[PDB]
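Here you get one chain, nothing else, as structure tokens; it is the form deposited without S-adenosyl-L-homocysteine.
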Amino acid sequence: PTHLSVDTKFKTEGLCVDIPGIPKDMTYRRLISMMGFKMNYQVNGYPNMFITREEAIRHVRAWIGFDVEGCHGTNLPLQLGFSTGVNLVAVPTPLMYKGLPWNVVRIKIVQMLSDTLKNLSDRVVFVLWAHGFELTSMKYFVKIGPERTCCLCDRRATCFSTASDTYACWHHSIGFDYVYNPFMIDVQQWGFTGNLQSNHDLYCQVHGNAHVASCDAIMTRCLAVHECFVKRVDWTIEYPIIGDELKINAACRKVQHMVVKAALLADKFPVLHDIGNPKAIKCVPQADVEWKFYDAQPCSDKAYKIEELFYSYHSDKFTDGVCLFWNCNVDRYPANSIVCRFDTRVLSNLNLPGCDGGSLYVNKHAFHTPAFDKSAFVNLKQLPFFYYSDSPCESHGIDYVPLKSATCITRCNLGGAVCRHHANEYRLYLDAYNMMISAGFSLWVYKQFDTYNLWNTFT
């Protein structure tokens, strides 16, 4: 059960308007053949063009929704739409391009997929709501064969060039004209009633149906993200490292310890309500405070309602002390809170577009996050940058320029001159903070938080 057997049945009902008379009895083997591809009993790493839902979930970064709309066929021009917002018109002689022959369209497809996917994945997974034209058009821009490696590097080949007869990955495909060994999955095989728009609109109001192929390509990938990440959650699936994953995770842990430790020193709360991960650990283990944990898994659909998290009868008095919501996405935070909330609008190789304004944040594990909403933070303010340290001023053991900063809250800065140790530590902390912010995280705190209250912890 590693790959999808070519002898598996393919439901052809959704294909019979573009392909009238299509046999009801159909396998992947006969379908790939009908599409104009020959597999030739090849045991060479590419057993099927189509993959399982489980293999698709493991390769979510490679997903590219794809739709082809005809006219009134090899007589009519076709509009090719991708979930990148691109629409290309192919002739057989929201970015809208006028009609061009396949020999130039294929060149543009290779460029577009390579630029979208080079920093995301080692492949492309065409996400379909198959009606016929998208499958019969693949022979015009896709070549298949044995698994290969890039001509300029060790990555698997994703493109082919008829000009030089060579193969390339997404990073080395400039000038390549064919998509090599792509993958694909037909969402319509999962058991749905009604068309694409009616199933998509049950869960999402952010994507419309402007009647261009890219709108359908966008809805198809959104519907697949909903089915695989919103209504079905698998936090056991691991995803490869493609960027700053480790630095960001280390930075988040550093910022969390810093912000919570300073909030407890500045306001001396007697109790802290830690709402979120059921496996959470005290981020400030030495703090005096009464630490109380409340379990809530990451919400992937809609943000938690504070009324359901807090009410229906625990300290019961969440109004006492401070509440900590570290990536616990709620509709409206209470005024006495410390909050880390992921901003779904952030553009990054870790953040993929999601369902209903939400985003799919993929960092070791895939987490669909509900749409960022500025009104969740109305009882709070943005947490300002600051570095706090009560550790001794001692170097131990990278050349220096003296640090001058009003936000370096240390004994040495109180005393007029930041020491080398606290200056190095401040700069490392500022780097970790900037990495977390730029990765998409936002920090919020109760309105009374004032770092001026940290200076008297050095007396």
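A residue's number is simply how far along the shown sequence it sits, counting from 1.
A second form of this protein, the form solved in complex with S-adenosyl-L-homocysteine, is not displayed here; the remarks below concern that form.
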query: S-adenosyl-L-homocysteine overlaid from its position in the deposited complex: site open or blocked at 2.4 Å backbone/C-beta; finding: blocked
query: Partner contact for residue 253 in the deposited complex: S-adenosyl-L-homocysteine, 4.5 angstroms, heavy atom; finding: yes
query: is_contact(residue 327, S-adenosyl-L-homocysteine) in the deposited complex, heavy atom dist at most 4.5 Å; finding: yes
query: Any non-hydrogen atom of residue 278 within 4.5 angstroms of S-adenosyl-L-homocysteine in the deposited complex; finding: yes
query: Any non-hydrogen atom of residue 309 within 4.5 angstroms of S-adenosyl-L-homocysteine in the deposited complex; finding: yes
query: Position in contact with S-adenosyl-L-homocysteine when the complex is considered in the deposited complex, options 373, 201, 147, 295, heavy atoms within 4.5 Å; finding: 295
